[PDB]
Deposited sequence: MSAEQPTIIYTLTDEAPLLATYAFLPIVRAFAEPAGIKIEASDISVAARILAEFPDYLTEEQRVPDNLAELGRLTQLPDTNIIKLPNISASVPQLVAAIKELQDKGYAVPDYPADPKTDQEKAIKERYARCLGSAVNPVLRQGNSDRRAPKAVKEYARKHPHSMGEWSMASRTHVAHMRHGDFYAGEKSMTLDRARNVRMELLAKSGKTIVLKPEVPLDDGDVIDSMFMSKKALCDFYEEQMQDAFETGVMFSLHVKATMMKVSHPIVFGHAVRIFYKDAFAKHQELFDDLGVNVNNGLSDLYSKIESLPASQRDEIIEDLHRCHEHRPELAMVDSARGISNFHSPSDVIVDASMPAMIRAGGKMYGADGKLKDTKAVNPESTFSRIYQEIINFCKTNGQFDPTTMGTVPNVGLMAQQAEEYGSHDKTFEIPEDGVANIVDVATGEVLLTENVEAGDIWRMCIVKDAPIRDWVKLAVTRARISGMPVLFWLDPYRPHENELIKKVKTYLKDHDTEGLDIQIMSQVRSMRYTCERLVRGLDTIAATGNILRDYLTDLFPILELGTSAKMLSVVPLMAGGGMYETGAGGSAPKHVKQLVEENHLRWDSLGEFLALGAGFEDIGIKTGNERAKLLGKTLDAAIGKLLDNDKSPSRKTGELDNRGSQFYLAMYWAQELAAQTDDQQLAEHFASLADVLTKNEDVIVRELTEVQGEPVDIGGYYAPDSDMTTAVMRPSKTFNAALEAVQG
């Protein structure tokens, strides 16, 4: 019997799931589809990491590992909702919540003894992007379905106006970064390699004892110079200061050492260098680590009195006299860009800024132009290109702009997403080599200094072949041209270009428009096509998959959540991600304090539809196909009637939107002529929901406008949460009536 695995994650999509999962079960049941919820929240992965601190009834199965195993089975069907890639501050808050709820888990040891070392290494498995590289055992097919795009045309979202006199720009390192020192090769034979450091002292230091590589694999060695980074930060801060432009920092602190986000910490320390020069000793003696953001500092600071503490505060603020204005995460609560490494994440933050007309919030609460610092230049030039494009051509127009589907290479922890266990902080000056364990042959070499970050990346041949095949597939299906975003001046992408040229001859590409251009040129070409209403498929790497699928859909649709995101698993299974965005922690706020969830579940709906249709196609379950068809049509009706959630408290939210979806779905099922008994089963529900529409709607807007308790954040209580998320007794009783 068919099983759909439905992920329980964190925050907004979690709450939405508390309001929607009962609906899904009530619809999947008549079709003999089991709905199996899998808790992969941060709290859950924590508990699953530490069972030897837990009781009998407290313990939790390693659900992530289970899903991992499931990815290798043909009959697997996963609805993946966005989940938190926890930073250390978030991990800490979560741990606090658990312990306070009586789960007595060990504290996180920032500075460890030898047991606490081990528990830190264990807690590392709960840090950063721990889910997606496991689940993503196929390449990415992301695109906006035509009904969604047409809704976007009929009801354009707010788009910030772009000034030709905008001073907004991207500052990135022009030397000393991963890009500049990158080296790359394609293996001709299977090899086993070692990442080691030839210290100038003569001593060899091994950082990675063994990395198995396959024939045809593309590997890269890259490093970021600490000297170059810190100098870069200094010069950019001074430029921003002199020009009077607001400083912002846009990085992925999780694609780095999640325990030691060096790129972030250095920015913080250099910004406040005048303060840090005066309290270095006390900060060290306090265990201060601004790699986990300025927040960390503040925490360690609280134990102090208010004489040498307010002196610190005064020094930190004194630093603002010589440093530029600083972009804010929350102007109301005084949350700056430096507060936490995870607040401002490049993939979401840059598009947000571009959508705003090149602007972010300063301390005063106003939108201003910004120097958007993306230290790593590898994938940030494209942002400067689209920014100059907006400065020149004004903001985009969702009513007329074309679309940019993405075919993303990500299968088997491809590239930088798989380099978590091959990323090191260089301990001392010397030569960083990748050597054959058998021959001792140096495959790749870099000259590195102490404090540098050295990374090895791998992308395997089979995912590349499937990536090209998916590109061609999508080109032939959609009739859109395909553009491979590959910079031949980047060694990795050059190797990939060889791959693509080779594998394009393994498919009928006759009458297909398939080109390869550099990332910047590809971005430019794509925009020039966009403003003309022309479509272009972006066939890209993993990072670019992330970046572009946040950027373009936000411009086109207001949010990347309204996207179709299908991962055809290598083993034949299916994963369907509910959009391309994250867990939207800002929505949780408005919910807990105003009982309005502005989370759009359209991504869940689309993903679910694709899932049902695929189950139907694979198993020959006609009823599954019927659920697919009827759900897609019901989504069409949801869009036609603009029953999407509103931002405003007191107006339609996630729950009412879900209700309308249920209604339309029921109607579509009562109207179909393929399964009479099914039509009969859903006729009753359809009539009940259609009859009591105003009653249920009213029941859903009643509760709106008042603070609400879900009994937690990282581990909210199921019953309280379900009490809040399903407050319509009428609706609930209608669903319970089967």
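- Not built in the structure, per the record, are deposited positions 1 to 4, 117, 744 to 745.
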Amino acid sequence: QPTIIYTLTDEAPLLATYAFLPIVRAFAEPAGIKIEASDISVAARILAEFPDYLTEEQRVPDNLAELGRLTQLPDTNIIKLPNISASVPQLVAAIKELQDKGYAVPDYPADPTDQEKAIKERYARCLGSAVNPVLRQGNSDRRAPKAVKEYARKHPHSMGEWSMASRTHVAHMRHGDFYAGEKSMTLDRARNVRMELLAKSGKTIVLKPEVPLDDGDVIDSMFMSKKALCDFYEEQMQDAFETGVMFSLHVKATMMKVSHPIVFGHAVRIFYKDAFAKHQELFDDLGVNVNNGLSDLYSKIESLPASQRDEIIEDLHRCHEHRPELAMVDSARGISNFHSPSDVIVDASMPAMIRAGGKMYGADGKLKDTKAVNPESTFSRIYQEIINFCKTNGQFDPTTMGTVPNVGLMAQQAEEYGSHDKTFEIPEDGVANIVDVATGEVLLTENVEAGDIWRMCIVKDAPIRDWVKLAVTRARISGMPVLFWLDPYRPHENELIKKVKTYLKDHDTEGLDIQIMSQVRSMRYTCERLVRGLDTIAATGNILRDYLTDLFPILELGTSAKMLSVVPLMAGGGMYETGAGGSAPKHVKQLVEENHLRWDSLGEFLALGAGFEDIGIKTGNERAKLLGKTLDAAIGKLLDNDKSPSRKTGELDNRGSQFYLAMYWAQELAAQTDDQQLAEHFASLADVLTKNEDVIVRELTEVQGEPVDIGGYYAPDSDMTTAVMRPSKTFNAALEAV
From here on, numbers count along this sequence of modelled residues.
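- Taking the PDB entry as given, 101 to 109 carries the higher mean Cα B factor of the two stretches 101 to 109 and 436 to 444.
- Higher average CA B factor: 309 to 317, of the stretches 309 to 317 and 627 to 635.
- Within the group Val170, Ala327, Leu367, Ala275, the record's highest C-alpha temperature factor is found at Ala275.
- As recorded in the entry, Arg122 carries the highest CA temperature factor of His250, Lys80, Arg122, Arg532.
- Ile95: CA B factor in the highest third of modelled residues in this chain (values from the PDB entry).
- Remark: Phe283 belongs to the highest third of its chain, ranked by C-alpha B-factor as recorded.
- When the modelled residues of the chain are ordered by C-alpha B-factor, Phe389 sits in the lowest third.
- In this PDB entry, the Cα temperature factor of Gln115 sits in the top third of its chain's modelled residues, the highest group.
- Split the chain's modelled residues into thirds by C-alpha temperature factor. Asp343 is in the middle one.
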